[PDB]
Each structure stands twice: as structure tokens, then as C-alpha cells.
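File shown here: query.cif, holding mmCIF, N, CA and C atoms and all ligand atoms; chains and numbers go by the auth columns.
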```
data_upload
#
loop_
_atom_site.group_PDB
_atom_site.id
_atom_site.type_symbol
_atom_site.label_atom_id
_atom_site.label_comp_id
_atom_site.label_asym_id
_atom_site.label_seq_id
_atom_site.Cartn_x
_atom_site.Cartn_y
_atom_site.Cartn_z
_atom_site.B_iso_or_equiv
_atom_site.auth_seq_id
_atom_site.auth_asym_id
ATOM 1 N N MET A 1 -20.165 4.118 3.621 0.00 1 A
ATOM 2 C CA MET A 1 -18.812 4.649 3.625 0.00 1 A
ATOM 3 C C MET A 1 -17.836 3.623 4.175 0.00 1 A
ATOM 4 N N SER A 2 -17.445 2.702 3.311 0.00 2 A
ATOM 5 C CA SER A 2 -16.477 1.672 3.641 0.00 2 A
ATOM 6 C C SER A 2 -15.748 1.245 2.373 0.00 2 A
ATOM 7 N N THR A 3 -14.813 0.320 2.497 0.00 3 A
ATOM 8 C CA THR A 3 -14.042 -0.126 1.353 0.00 3 A
ATOM 9 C C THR A 3 -14.796 -1.175 0.542 0.00 3 A
ATOM 10 N N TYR A 4 -15.387 -0.740 -0.560 0.00 4 A
ATOM 11 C CA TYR A 4 -16.120 -1.646 -1.436 0.00 4 A
ATOM 12 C C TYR A 4 -15.315 -1.990 -2.679 0.00 4 A
ATOM 13 N N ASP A 5 -14.291 -1.198 -2.960 0.00 5 A
ATOM 14 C CA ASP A 5 -13.364 -1.536 -4.029 0.00 5 A
ATOM 15 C C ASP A 5 -12.106 -2.103 -3.408 0.00 5 A
ATOM 16 N N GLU A 6 -11.575 -3.148 -4.005 0.00 6 A
ATOM 17 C CA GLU A 6 -10.422 -3.833 -3.452 0.00 6 A
ATOM 18 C C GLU A 6 -9.439 -4.177 -4.563 0.00 6 A
ATOM 19 N N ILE A 7 -8.258 -3.576 -4.517 0.00 7 A
ATOM 20 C CA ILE A 7 -7.273 -3.773 -5.570 0.00 7 A
ATOM 21 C C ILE A 7 -6.091 -4.561 -5.042 0.00 7 A
ATOM 22 N N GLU A 8 -5.608 -5.485 -5.850 0.00 8 A
ATOM 23 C CA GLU A 8 -4.423 -6.247 -5.507 0.00 8 A
ATOM 24 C C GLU A 8 -3.201 -5.335 -5.480 0.00 8 A
ATOM 25 N N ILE A 9 -2.313 -5.576 -4.521 0.00 9 A
ATOM 26 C CA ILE A 9 -1.162 -4.706 -4.279 0.00 9 A
ATOM 27 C C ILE A 9 -0.287 -4.552 -5.527 0.00 9 A
ATOM 28 N N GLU A 10 -0.292 -5.568 -6.379 0.00 10 A
ATOM 29 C CA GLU A 10 0.507 -5.550 -7.601 0.00 10 A
ATOM 30 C C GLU A 10 -0.004 -4.513 -8.606 0.00 10 A
ATOM 31 N N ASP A 11 -1.301 -4.224 -8.573 0.00 11 A
ATOM 32 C CA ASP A 11 -1.885 -3.266 -9.512 0.00 11 A
ATOM 33 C C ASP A 11 -1.660 -1.844 -9.015 0.00 11 A
ATOM 34 N N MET A 12 -1.777 -1.665 -7.702 0.00 12 A
ATOM 35 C CA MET A 12 -1.396 -0.414 -7.053 0.00 12 A
ATOM 36 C C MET A 12 0.038 -0.032 -7.424 0.00 12 A
ATOM 37 N N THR A 13 0.221 1.184 -7.909 0.00 13 A
ATOM 38 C CA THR A 13 1.538 1.662 -8.296 0.00 13 A
ATOM 39 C C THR A 13 2.325 2.084 -7.062 0.00 13 A
ATOM 40 N N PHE A 14 3.493 1.500 -6.859 0.00 14 A
ATOM 41 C CA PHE A 14 4.267 1.800 -5.664 0.00 14 A
ATOM 42 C C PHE A 14 5.292 2.896 -5.919 0.00 14 A
ATOM 43 N N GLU A 15 5.357 3.843 -4.994 0.00 15 A
ATOM 44 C CA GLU A 15 6.355 4.896 -5.024 0.00 15 A
ATOM 45 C C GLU A 15 7.387 4.649 -3.942 0.00 15 A
ATOM 46 N N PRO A 16 8.495 3.983 -4.303 0.00 16 A
ATOM 47 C CA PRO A 16 9.540 3.594 -3.353 0.00 16 A
ATOM 48 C C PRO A 16 10.165 4.787 -2.642 0.00 16 A
ATOM 49 N N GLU A 17 10.160 5.942 -3.300 0.00 17 A
ATOM 50 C CA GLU A 17 10.742 7.148 -2.726 0.00 17 A
ATOM 51 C C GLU A 17 9.843 7.697 -1.625 0.00 17 A
ATOM 52 N N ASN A 18 8.550 7.420 -1.739 0.00 18 A
ATOM 53 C CA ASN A 18 7.569 7.907 -0.775 0.00 18 A
ATOM 54 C C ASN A 18 7.261 6.843 0.271 0.00 18 A
ATOM 55 N N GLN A 19 7.747 5.627 0.023 0.00 19 A
ATOM 56 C CA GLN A 19 7.500 4.479 0.900 0.00 19 A
ATOM 57 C C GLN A 19 6.009 4.153 0.959 0.00 19 A
ATOM 58 N N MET A 20 5.310 4.304 -0.160 0.00 20 A
ATOM 59 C CA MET A 20 3.873 4.064 -0.176 0.00 20 A
ATOM 60 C C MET A 20 3.397 3.617 -1.551 0.00 20 A
ATOM 61 N N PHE A 21 2.154 3.164 -1.608 0.00 21 A
ATOM 62 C CA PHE A 21 1.520 2.782 -2.861 0.00 21 A
ATOM 63 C C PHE A 21 0.438 3.793 -3.205 0.00 21 A
ATOM 64 N N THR A 22 0.319 4.132 -4.474 0.00 22 A
ATOM 65 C CA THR A 22 -0.727 5.032 -4.913 0.00 22 A
ATOM 66 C C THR A 22 -1.509 4.426 -6.071 0.00 22 A
ATOM 67 N N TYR A 23 -2.677 4.978 -6.339 0.00 23 A
ATOM 68 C CA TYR A 23 -3.477 4.532 -7.458 0.00 23 A
ATOM 69 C C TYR A 23 -4.003 5.742 -8.213 0.00 23 A
ATOM 70 N N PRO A 24 -3.762 5.782 -9.530 0.00 24 A
ATOM 71 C CA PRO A 24 -4.189 6.890 -10.391 0.00 24 A
ATOM 72 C C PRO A 24 -5.667 7.232 -10.241 0.00 24 A
ATOM 73 N N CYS A 25 -5.930 8.434 -9.748 0.00 25 A
ATOM 74 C CA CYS A 25 -7.287 8.929 -9.602 0.00 25 A
ATOM 75 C C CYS A 25 -7.408 10.303 -10.243 0.00 25 A
ATOM 76 N N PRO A 26 -8.499 10.548 -10.975 0.00 26 A
ATOM 77 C CA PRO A 26 -8.802 11.858 -11.502 0.00 26 A
ATOM 78 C C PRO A 26 -9.648 12.669 -10.525 0.00 26 A
ATOM 79 N N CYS A 27 -9.116 13.810 -10.105 0.00 27 A
ATOM 80 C CA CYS A 27 -9.781 14.689 -9.150 0.00 27 A
ATOM 81 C C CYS A 27 -8.843 15.836 -8.815 0.00 27 A
ATOM 82 N N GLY A 28 -7.592 15.469 -8.597 0.00 28 A
ATOM 83 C CA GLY A 28 -6.562 16.419 -8.258 0.00 28 A
ATOM 84 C C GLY A 28 -5.392 15.720 -7.605 0.00 28 A
ATOM 85 N N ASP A 29 -5.664 14.557 -7.028 0.00 29 A
ATOM 86 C CA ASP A 29 -4.634 13.759 -6.384 0.00 29 A
ATOM 87 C C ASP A 29 -4.887 12.277 -6.639 0.00 29 A
ATOM 88 N N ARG A 30 -3.974 11.442 -6.183 0.00 30 A
ATOM 89 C CA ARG A 30 -4.058 9.997 -6.374 0.00 30 A
ATOM 90 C C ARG A 30 -4.267 9.288 -5.040 0.00 30 A
ATOM 91 N N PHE A 31 -4.897 8.112 -5.084 0.00 31 A
ATOM 92 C CA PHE A 31 -5.092 7.295 -3.885 0.00 31 A
ATOM 93 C C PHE A 31 -3.757 7.021 -3.213 0.00 31 A
ATOM 94 N N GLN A 32 -3.713 7.139 -1.897 0.00 32 A
ATOM 95 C CA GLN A 32 -2.477 6.932 -1.162 0.00 32 A
ATOM 96 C C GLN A 32 -2.668 5.950 -0.014 0.00 32 A
ATOM 97 N N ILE A 33 -1.861 4.899 -0.018 0.00 33 A
ATOM 98 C CA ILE A 33 -1.839 3.934 1.071 0.00 33 A
ATOM 99 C C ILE A 33 -0.405 3.753 1.569 0.00 33 A
ATOM 100 N N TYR A 34 -0.216 3.912 2.869 0.00 34 A
ATOM 101 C CA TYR A 34 1.120 3.937 3.451 0.00 34 A
ATOM 102 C C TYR A 34 1.528 2.555 3.937 0.00 34 A
ATOM 103 N N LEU A 35 2.732 2.140 3.552 0.00 35 A
ATOM 104 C CA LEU A 35 3.258 0.827 3.911 0.00 35 A
ATOM 105 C C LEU A 35 3.324 0.683 5.433 0.00 35 A
ATOM 106 N N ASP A 36 3.556 1.802 6.110 0.00 36 A
ATOM 107 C CA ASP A 36 3.613 1.834 7.570 0.00 36 A
ATOM 108 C C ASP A 36 2.350 1.242 8.182 0.00 36 A
ATOM 109 N N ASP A 37 1.200 1.665 7.673 0.00 37 A
ATOM 110 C CA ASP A 37 -0.078 1.236 8.221 0.00 37 A
ATOM 111 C C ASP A 37 -0.475 -0.117 7.642 0.00 37 A
ATOM 112 N N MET A 38 0.051 -0.424 6.456 0.00 38 A
ATOM 113 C CA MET A 38 -0.151 -1.737 5.844 0.00 38 A
ATOM 114 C C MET A 38 0.520 -2.806 6.693 0.00 38 A
ATOM 115 N N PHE A 39 1.691 -2.468 7.223 0.00 39 A
ATOM 116 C CA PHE A 39 2.410 -3.350 8.134 0.00 39 A
ATOM 117 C C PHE A 39 1.622 -3.525 9.431 0.00 39 A
ATOM 118 N N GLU A 40 0.851 -2.502 9.792 0.00 40 A
ATOM 119 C CA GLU A 40 0.025 -2.541 10.991 0.00 40 A
ATOM 120 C C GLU A 40 -1.153 -3.494 10.819 0.00 40 A
ATOM 121 N N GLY A 41 -1.394 -3.921 9.588 0.00 41 A
ATOM 122 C CA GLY A 41 -2.466 -4.857 9.326 0.00 41 A
ATOM 123 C C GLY A 41 -3.643 -4.213 8.624 0.00 41 A
ATOM 124 N N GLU A 42 -3.598 -2.899 8.479 0.00 42 A
ATOM 125 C CA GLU A 42 -4.667 -2.175 7.809 0.00 42 A
ATOM 126 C C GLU A 42 -4.311 -1.977 6.342 0.00 42 A
ATOM 127 N N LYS A 43 -5.278 -2.151 5.452 0.00 43 A
ATOM 128 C CA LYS A 43 -5.008 -1.984 4.035 0.00 43 A
ATOM 129 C C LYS A 43 -6.144 -1.245 3.331 0.00 43 A
ATOM 130 N N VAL A 44 -5.911 0.030 3.089 0.00 44 A
ATOM 131 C CA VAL A 44 -6.868 0.884 2.411 0.00 44 A
ATOM 132 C C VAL A 44 -6.183 2.169 1.961 0.00 44 A
ATOM 133 N N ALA A 45 -6.381 2.522 0.705 0.00 45 A
ATOM 134 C CA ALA A 45 -5.802 3.729 0.160 0.00 45 A
ATOM 135 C C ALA A 45 -6.847 4.826 0.120 0.00 45 A
ATOM 136 N N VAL A 46 -6.483 5.986 0.621 0.00 46 A
ATOM 137 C CA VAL A 46 -7.383 7.116 0.626 0.00 46 A
ATOM 138 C C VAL A 46 -6.888 8.169 -0.341 0.00 46 A
ATOM 139 N N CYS A 47 -7.802 8.771 -1.065 0.00 47 A
ATOM 140 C CA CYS A 47 -7.433 9.813 -1.982 0.00 47 A
ATOM 141 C C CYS A 47 -7.897 11.161 -1.452 0.00 47 A
ATOM 142 N N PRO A 48 -7.020 12.166 -1.507 0.00 48 A
ATOM 143 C CA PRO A 48 -7.348 13.528 -1.125 0.00 48 A
ATOM 144 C C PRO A 48 -8.036 14.287 -2.260 0.00 48 A
ATOM 145 N N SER A 49 -8.781 15.331 -1.891 0.00 49 A
ATOM 146 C CA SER A 49 -9.496 16.194 -2.830 0.00 49 A
ATOM 147 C C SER A 49 -10.853 15.597 -3.188 0.00 49 A
ATOM 148 N N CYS A 50 -10.871 14.367 -3.682 0.00 50 A
ATOM 149 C CA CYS A 50 -12.136 13.701 -3.939 0.00 50 A
ATOM 150 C C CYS A 50 -12.590 12.983 -2.673 0.00 50 A
ATOM 151 N N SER A 51 -11.605 12.501 -1.913 0.00 51 A
ATOM 152 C CA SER A 51 -11.833 11.824 -0.645 0.00 51 A
ATOM 153 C C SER A 51 -12.536 10.486 -0.842 0.00 51 A
ATOM 154 N N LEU A 52 -11.854 9.575 -1.520 0.00 52 A
ATOM 155 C CA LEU A 52 -12.350 8.231 -1.717 0.00 52 A
ATOM 156 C C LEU A 52 -11.443 7.250 -0.995 0.00 52 A
ATOM 157 N N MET A 53 -11.993 6.109 -0.634 0.00 53 A
ATOM 158 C CA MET A 53 -11.238 5.078 0.073 0.00 53 A
ATOM 159 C C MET A 53 -11.466 3.726 -0.564 0.00 53 A
ATOM 160 N N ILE A 54 -10.397 2.967 -0.714 0.00 54 A
ATOM 161 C CA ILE A 54 -10.470 1.666 -1.350 0.00 54 A
ATOM 162 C C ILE A 54 -9.514 0.686 -0.673 0.00 54 A
ATOM 163 N N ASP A 55 -9.885 -0.583 -0.652 0.00 55 A
ATOM 164 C CA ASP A 55 -9.118 -1.609 0.049 0.00 55 A
ATOM 165 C C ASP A 55 -8.007 -2.128 -0.858 0.00 55 A
ATOM 166 N N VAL A 56 -6.920 -2.615 -0.276 0.00 56 A
ATOM 167 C CA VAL A 56 -5.784 -3.077 -1.073 0.00 56 A
ATOM 168 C C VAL A 56 -5.267 -4.427 -0.580 0.00 56 A
ATOM 169 N N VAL A 57 -5.339 -5.434 -1.442 0.00 57 A
ATOM 170 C CA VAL A 57 -4.887 -6.781 -1.096 0.00 57 A
ATOM 171 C C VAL A 57 -3.364 -6.830 -1.007 0.00 57 A
ATOM 172 N N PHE A 58 -2.837 -6.945 0.202 0.00 58 A
ATOM 173 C CA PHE A 58 -1.393 -6.969 0.403 0.00 58 A
ATOM 174 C C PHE A 58 -0.939 -8.359 0.826 0.00 58 A
ATOM 175 N N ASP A 59 0.360 -8.612 0.745 0.00 59 A
ATOM 176 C CA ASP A 59 0.904 -9.874 1.217 0.00 59 A
ATOM 177 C C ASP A 59 2.147 -9.641 2.054 0.00 59 A
ATOM 178 N N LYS A 60 2.476 -10.639 2.848 0.00 60 A
ATOM 179 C CA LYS A 60 3.662 -10.633 3.682 0.00 60 A
ATOM 180 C C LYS A 60 4.906 -10.560 2.808 0.00 60 A
ATOM 181 N N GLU A 61 4.893 -11.368 1.756 0.00 61 A
ATOM 182 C CA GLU A 61 6.028 -11.491 0.854 0.00 61 A
ATOM 183 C C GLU A 61 6.215 -10.213 0.039 0.00 61 A
ATOM 184 N N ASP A 62 5.104 -9.579 -0.320 0.00 62 A
ATOM 185 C CA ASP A 62 5.147 -8.325 -1.065 0.00 62 A
ATOM 186 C C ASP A 62 5.717 -7.196 -0.212 0.00 62 A
ATOM 187 N N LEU A 63 5.272 -7.116 1.042 0.00 63 A
ATOM 188 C CA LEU A 63 5.721 -6.062 1.949 0.00 63 A
ATOM 189 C C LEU A 63 7.232 -6.107 2.140 0.00 63 A
ATOM 190 N N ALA A 64 7.753 -7.294 2.434 0.00 64 A
ATOM 191 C CA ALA A 64 9.183 -7.471 2.673 0.00 64 A
ATOM 192 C C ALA A 64 10.001 -7.079 1.446 0.00 64 A
ATOM 193 N N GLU A 65 9.514 -7.468 0.278 0.00 65 A
ATOM 194 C CA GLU A 65 10.211 -7.201 -0.972 0.00 65 A
ATOM 195 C C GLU A 65 10.237 -5.700 -1.253 0.00 65 A
ATOM 196 N N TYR A 66 9.087 -5.061 -1.083 0.00 66 A
ATOM 197 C CA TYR A 66 8.964 -3.627 -1.301 0.00 66 A
ATOM 198 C C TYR A 66 9.751 -2.845 -0.256 0.00 66 A
ATOM 199 N N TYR A 67 9.776 -3.356 0.971 0.00 67 A
ATOM 200 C CA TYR A 67 10.518 -2.728 2.060 0.00 67 A
ATOM 201 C C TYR A 67 11.969 -2.508 1.657 0.00 67 A
ATOM 202 N N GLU A 68 12.539 -3.498 0.984 0.00 68 A
ATOM 203 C CA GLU A 68 13.916 -3.410 0.528 0.00 68 A
ATOM 204 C C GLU A 68 14.056 -2.394 -0.600 0.00 68 A
ATOM 205 N N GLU A 69 13.071 -2.359 -1.488 0.00 69 A
ATOM 206 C CA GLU A 69 13.092 -1.442 -2.621 0.00 69 A
ATOM 207 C C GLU A 69 12.897 -0.002 -2.171 0.00 69 A
ATOM 208 N N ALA A 70 11.923 0.214 -1.298 0.00 70 A
ATOM 209 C CA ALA A 70 11.620 1.549 -0.797 0.00 70 A
ATOM 210 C C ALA A 70 12.746 2.076 0.082 0.00 70 A
ATOM 211 N N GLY A 71 13.620 1.173 0.505 0.00 71 A
ATOM 212 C CA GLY A 71 14.749 1.558 1.319 0.00 71 A
ATOM 213 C C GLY A 71 14.322 1.940 2.715 0.00 71 A
ATOM 214 N N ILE A 72 13.583 1.053 3.360 0.00 72 A
ATOM 215 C CA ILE A 72 13.115 1.305 4.709 0.00 72 A
ATOM 216 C C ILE A 72 13.901 0.451 5.698 0.00 72 A
ATOM 217 N N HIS A 73 13.837 0.817 6.972 0.00 73 A
ATOM 218 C CA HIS A 73 14.545 0.085 8.019 0.00 73 A
ATOM 219 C C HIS A 73 14.034 -1.345 8.116 0.00 73 A
ATOM 220 N N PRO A 74 14.966 -2.318 8.135 0.00 74 A
ATOM 221 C CA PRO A 74 14.657 -3.754 8.136 0.00 74 A
ATOM 222 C C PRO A 74 13.500 -4.142 9.055 0.00 74 A
ATOM 223 N N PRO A 75 12.449 -4.733 8.468 0.00 75 A
ATOM 224 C CA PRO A 75 11.279 -5.211 9.198 0.00 75 A
ATOM 225 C C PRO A 75 11.525 -6.583 9.817 0.00 75 A
ATOM 226 N N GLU A 76 10.661 -6.981 10.736 0.00 76 A
ATOM 227 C CA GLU A 76 10.778 -8.287 11.362 0.00 76 A
ATOM 228 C C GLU A 76 10.371 -9.372 10.372 0.00 76 A
ATOM 229 N N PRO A 77 11.185 -10.434 10.266 0.00 77 A
ATOM 230 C CA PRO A 77 10.976 -11.510 9.290 0.00 77 A
ATOM 231 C C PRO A 77 9.635 -12.213 9.460 0.00 77 A
ATOM 232 N N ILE A 78 9.076 -12.651 8.343 0.00 78 A
ATOM 233 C CA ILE A 78 7.818 -13.380 8.350 0.00 78 A
ATOM 234 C C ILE A 78 8.070 -14.864 8.598 0.00 78 A
ATOM 235 N N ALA A 79 7.003 -15.612 8.843 0.00 79 A
ATOM 236 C CA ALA A 79 7.115 -17.039 9.127 0.00 79 A
ATOM 237 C C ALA A 79 7.289 -17.848 7.844 0.00 79 A
ATOM 238 N N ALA A 80 8.271 -17.466 7.040 0.00 80 A
ATOM 239 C CA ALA A 80 8.566 -18.167 5.800 0.00 80 A
ATOM 240 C C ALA A 80 10.046 -18.042 5.469 0.00 80 A
ATOM 241 N N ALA A 81 10.825 -19.030 5.885 0.00 81 A
ATOM 242 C CA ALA A 81 12.263 -19.011 5.677 0.00 81 A
ATOM 243 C C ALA A 81 12.790 -20.417 5.437 0.00 81 A
ATOM 244 N N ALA A 82 13.127 -20.701 4.191 0.00 82 A
ATOM 245 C CA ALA A 82 13.714 -21.978 3.827 0.00 82 A
ATOM 246 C C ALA A 82 14.739 -21.778 2.720 0.00 82 A
HETATM 247 ZN ZN ZN B . -9.107 11.240 -6.047 0.00 101 A
#
```

Would you mind giving the structure from this file in C-alpha cells?
Ligand SMILES: [Zn+2]
Amino acid sequence: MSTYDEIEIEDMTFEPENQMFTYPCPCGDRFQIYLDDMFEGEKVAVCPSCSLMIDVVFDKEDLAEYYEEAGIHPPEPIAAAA
């Protein structure tokens, strides 16, 4: 019981209104991974009803970009500014 599937953040479908990424799952619900916890350094989407968990390859640059799209409170800048 660990994350043996790992999807790149770009493939994960992002819901800017929910401030999270989801992945289409057949069972009754879709995999859900919260940007809040992704920022915490943890990356794994859990699906309800079937109760599956999968890892998600995230990036610093992706988080910041999505943060603006999802309309979240400005995050602390990453070590990449030129
Ligand atoms: Zn599911």
C-alpha cells in the first residue's frame, strides 16, 4: 500500500476552481491531489470510493504557474528569477 503509479503533473487534470489536480477514475469519483499539500512537499492523489493512491510528479515552476491560474494567495518565490 504505497504509491506505485506516478503521473506527471501535466497529465493530471487541474481544476483551478477547486485549487487541486484530479485524475479520471472509474469507481464513482476521481483521484484528488491538493495543491496545498503539494506545496508542503507531498505529492500523491487519492481517490474516494475506490480508495486508490498514486504519486504525482510536480515542479516548482508548475506550482507557481497554477497558483496564479487557480487564483490562490501569492506563494513564496522559488530560487529561479532572471
Ligand atoms: Zn476511484

Test item: residues at most 12 Å from residue A:42, only C-alpha atoms, excluding those fewer than 2 positions along its chain, as an MDAnalysis selection string: chainID A and resid 3 33:40 44:45 54:59

Neighbours of ligand ZN 101 (chain A) at 6 Å or closer, counting only C-alpha atoms and all ligand atoms: which residues, as a compact mmCIF listing (two decimals) with N, CA and C atoms, keeping the file's coordinate frame?
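Result file selection_30.txt:
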```
# COMPACT_ATOMS: atom_id res chain seq x y z
N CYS A 25 -5.93 8.43 -9.75
CA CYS A 25 -7.29 8.93 -9.60
C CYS A 25 -7.41 10.30 -10.24
N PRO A 26 -8.50 10.55 -10.98
CA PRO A 26 -8.80 11.86 -11.50
C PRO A 26 -9.65 12.67 -10.52
N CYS A 27 -9.12 13.81 -10.10
CA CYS A 27 -9.78 14.69 -9.15
C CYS A 27 -8.84 15.84 -8.82
N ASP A 29 -5.66 14.56 -7.03
CA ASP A 29 -4.63 13.76 -6.38
C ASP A 29 -4.89 12.28 -6.64
N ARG A 30 -3.97 11.44 -6.18
CA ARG A 30 -4.06 10.00 -6.37
C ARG A 30 -4.27 9.29 -5.04
N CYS A 47 -7.80 8.77 -1.06
CA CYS A 47 -7.43 9.81 -1.98
C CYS A 47 -7.90 11.16 -1.45
N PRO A 48 -7.02 12.17 -1.51
CA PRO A 48 -7.35 13.53 -1.12
C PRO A 48 -8.04 14.29 -2.26
N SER A 49 -8.78 15.33 -1.89
CA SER A 49 -9.50 16.19 -2.83
C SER A 49 -10.85 15.60 -3.19
N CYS A 50 -10.87 14.37 -3.68
CA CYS A 50 -12.14 13.70 -3.94
C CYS A 50 -12.59 12.98 -2.67
```

Could you expand the PyMOL selection byres (((chain A and resi 21) around 6.5) and not hetatm) into the explicit residues it covers here, written as a PDB file with N, CA and C atoms, in the coordinates of the input?
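File produced: selection-v6.pdb:
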```pdb
ATOM      1  N   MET A  12      -1.777  -1.665  -7.702  1.00  0.00           N
ATOM      2  CA  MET A  12      -1.396  -0.414  -7.053  1.00  0.00           C
ATOM      3  C   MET A  12       0.038  -0.032  -7.424  1.00  0.00           C
ATOM      4  N   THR A  13       0.221   1.184  -7.909  1.00  0.00           N
ATOM      5  CA  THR A  13       1.538   1.662  -8.296  1.00  0.00           C
ATOM      6  C   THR A  13       2.325   2.084  -7.062  1.00  0.00           C
ATOM      7  N   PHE A  14       3.493   1.500  -6.859  1.00  0.00           N
ATOM      8  CA  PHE A  14       4.267   1.800  -5.664  1.00  0.00           C
ATOM      9  C   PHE A  14       5.292   2.896  -5.919  1.00  0.00           C
ATOM     10  N   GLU A  15       5.357   3.843  -4.994  1.00  0.00           N
ATOM     11  CA  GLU A  15       6.355   4.896  -5.024  1.00  0.00           C
ATOM     12  C   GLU A  15       7.387   4.649  -3.942  1.00  0.00           C
ATOM     13  N   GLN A  19       7.747   5.627   0.023  1.00  0.00           N
ATOM     14  CA  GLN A  19       7.500   4.479   0.900  1.00  0.00           C
ATOM     15  C   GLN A  19       6.009   4.153   0.959  1.00  0.00           C
ATOM     16  N   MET A  20       5.310   4.304  -0.160  1.00  0.00           N
ATOM     17  CA  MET A  20       3.873   4.064  -0.176  1.00  0.00           C
ATOM     18  C   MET A  20       3.397   3.617  -1.551  1.00  0.00           C
ATOM     19  N   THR A  22       0.319   4.132  -4.474  1.00  0.00           N
ATOM     20  CA  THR A  22      -0.727   5.032  -4.913  1.00  0.00           C
ATOM     21  C   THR A  22      -1.509   4.426  -6.071  1.00  0.00           C
ATOM     22  N   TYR A  23      -2.677   4.978  -6.339  1.00  0.00           N
ATOM     23  CA  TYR A  23      -3.477   4.532  -7.458  1.00  0.00           C
ATOM     24  C   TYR A  23      -4.003   5.742  -8.213  1.00  0.00           C
ATOM     25  N   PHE A  31      -4.897   8.112  -5.084  1.00  0.00           N
ATOM     26  CA  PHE A  31      -5.092   7.295  -3.885  1.00  0.00           C
ATOM     27  C   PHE A  31      -3.757   7.021  -3.213  1.00  0.00           C
ATOM     28  N   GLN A  32      -3.713   7.139  -1.897  1.00  0.00           N
ATOM     29  CA  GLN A  32      -2.477   6.932  -1.162  1.00  0.00           C
ATOM     30  C   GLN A  32      -2.668   5.950  -0.014  1.00  0.00           C
ATOM     31  N   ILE A  33      -1.861   4.899  -0.018  1.00  0.00           N
ATOM     32  CA  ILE A  33      -1.839   3.934   1.071  1.00  0.00           C
ATOM     33  C   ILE A  33      -0.405   3.753   1.569  1.00  0.00           C
ATOM     34  N   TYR A  34      -0.216   3.912   2.869  1.00  0.00           N
ATOM     35  CA  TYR A  34       1.120   3.937   3.451  1.00  0.00           C
ATOM     36  C   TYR A  34       1.528   2.555   3.937  1.00  0.00           C
ATOM     37  N   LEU A  35       2.732   2.140   3.552  1.00  0.00           N
ATOM     38  CA  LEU A  35       3.258   0.827   3.911  1.00  0.00           C
ATOM     39  C   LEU A  35       3.324   0.683   5.433  1.00  0.00           C
TER      40      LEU A  35
END
```

Residues flagged strand (DSSP E) by DSSP in chain A, as a list in words: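 Answer for chain A, restricted to strand (DSSP E): residues 6, 7, 8, 13, 14, 15, 20, 21, 22, 23, 31, 32, 33, 34, 44, 45, 46, 47, 52, 53, 54, 55, 56 and 57 of chain A.
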
Expected file: the selected residues, N, CA and C atoms, as a short mmCIF file (atom, residue, chain, number, x, y, z; two decimals), keeping the file's coordinate frame:
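Okay, part_34.cif is ready:
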```cif
data_model
loop_
_atom_site.label_atom_id
_atom_site.label_comp_id
_atom_site.auth_asym_id
_atom_site.auth_seq_id
_atom_site.Cartn_x
_atom_site.Cartn_y
_atom_site.Cartn_z
N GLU A 6 -11.58 -3.15 -4.00
CA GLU A 6 -10.42 -3.83 -3.45
C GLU A 6 -9.44 -4.18 -4.56
N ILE A 7 -8.26 -3.58 -4.52
CA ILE A 7 -7.27 -3.77 -5.57
C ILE A 7 -6.09 -4.56 -5.04
N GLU A 8 -5.61 -5.48 -5.85
CA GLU A 8 -4.42 -6.25 -5.51
C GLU A 8 -3.20 -5.34 -5.48
N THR A 13 0.22 1.18 -7.91
CA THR A 13 1.54 1.66 -8.30
C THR A 13 2.33 2.08 -7.06
N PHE A 14 3.49 1.50 -6.86
CA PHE A 14 4.27 1.80 -5.66
C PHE A 14 5.29 2.90 -5.92
N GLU A 15 5.36 3.84 -4.99
CA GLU A 15 6.36 4.90 -5.02
C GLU A 15 7.39 4.65 -3.94
N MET A 20 5.31 4.30 -0.16
CA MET A 20 3.87 4.06 -0.18
C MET A 20 3.40 3.62 -1.55
N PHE A 21 2.15 3.16 -1.61
CA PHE A 21 1.52 2.78 -2.86
C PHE A 21 0.44 3.79 -3.20
N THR A 22 0.32 4.13 -4.47
CA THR A 22 -0.73 5.03 -4.91
C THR A 22 -1.51 4.43 -6.07
N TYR A 23 -2.68 4.98 -6.34
CA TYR A 23 -3.48 4.53 -7.46
C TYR A 23 -4.00 5.74 -8.21
N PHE A 31 -4.90 8.11 -5.08
CA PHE A 31 -5.09 7.30 -3.88
C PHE A 31 -3.76 7.02 -3.21
N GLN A 32 -3.71 7.14 -1.90
CA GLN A 32 -2.48 6.93 -1.16
C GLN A 32 -2.67 5.95 -0.01
N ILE A 33 -1.86 4.90 -0.02
CA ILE A 33 -1.84 3.93 1.07
C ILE A 33 -0.40 3.75 1.57
N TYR A 34 -0.22 3.91 2.87
CA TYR A 34 1.12 3.94 3.45
C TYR A 34 1.53 2.56 3.94
N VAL A 44 -5.91 0.03 3.09
CA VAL A 44 -6.87 0.88 2.41
C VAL A 44 -6.18 2.17 1.96
N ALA A 45 -6.38 2.52 0.70
CA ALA A 45 -5.80 3.73 0.16
C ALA A 45 -6.85 4.83 0.12
N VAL A 46 -6.48 5.99 0.62
CA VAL A 46 -7.38 7.12 0.63
C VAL A 46 -6.89 8.17 -0.34
N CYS A 47 -7.80 8.77 -1.06
CA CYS A 47 -7.43 9.81 -1.98
C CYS A 47 -7.90 11.16 -1.45
N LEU A 52 -11.85 9.57 -1.52
CA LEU A 52 -12.35 8.23 -1.72
C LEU A 52 -11.44 7.25 -1.00
N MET A 53 -11.99 6.11 -0.63
CA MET A 53 -11.24 5.08 0.07
C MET A 53 -11.47 3.73 -0.56
N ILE A 54 -10.40 2.97 -0.71
CA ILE A 54 -10.47 1.67 -1.35
C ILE A 54 -9.51 0.69 -0.67
N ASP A 55 -9.88 -0.58 -0.65
CA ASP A 55 -9.12 -1.61 0.05
C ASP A 55 -8.01 -2.13 -0.86
N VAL A 56 -6.92 -2.62 -0.28
CA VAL A 56 -5.78 -3.08 -1.07
C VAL A 56 -5.27 -4.43 -0.58
N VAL A 57 -5.34 -5.43 -1.44
CA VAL A 57 -4.89 -6.78 -1.10
C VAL A 57 -3.36 -6.83 -1.01
#
```

Selection dump of the PyMOL selection byres (((chain A and resi 71-81) around 8) and not hetatm), as a PyMOL selection string: chain A and resi 16-17+19+60-61+64-70+82

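Separating atom C of residue A:2 from atom CA of residue A:41 is a distance of 16.2 Å.
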
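Atom CA of residue A:43 to atom CA of residue A:28 spans 22.2 Å [interatomic distance, one decimal].
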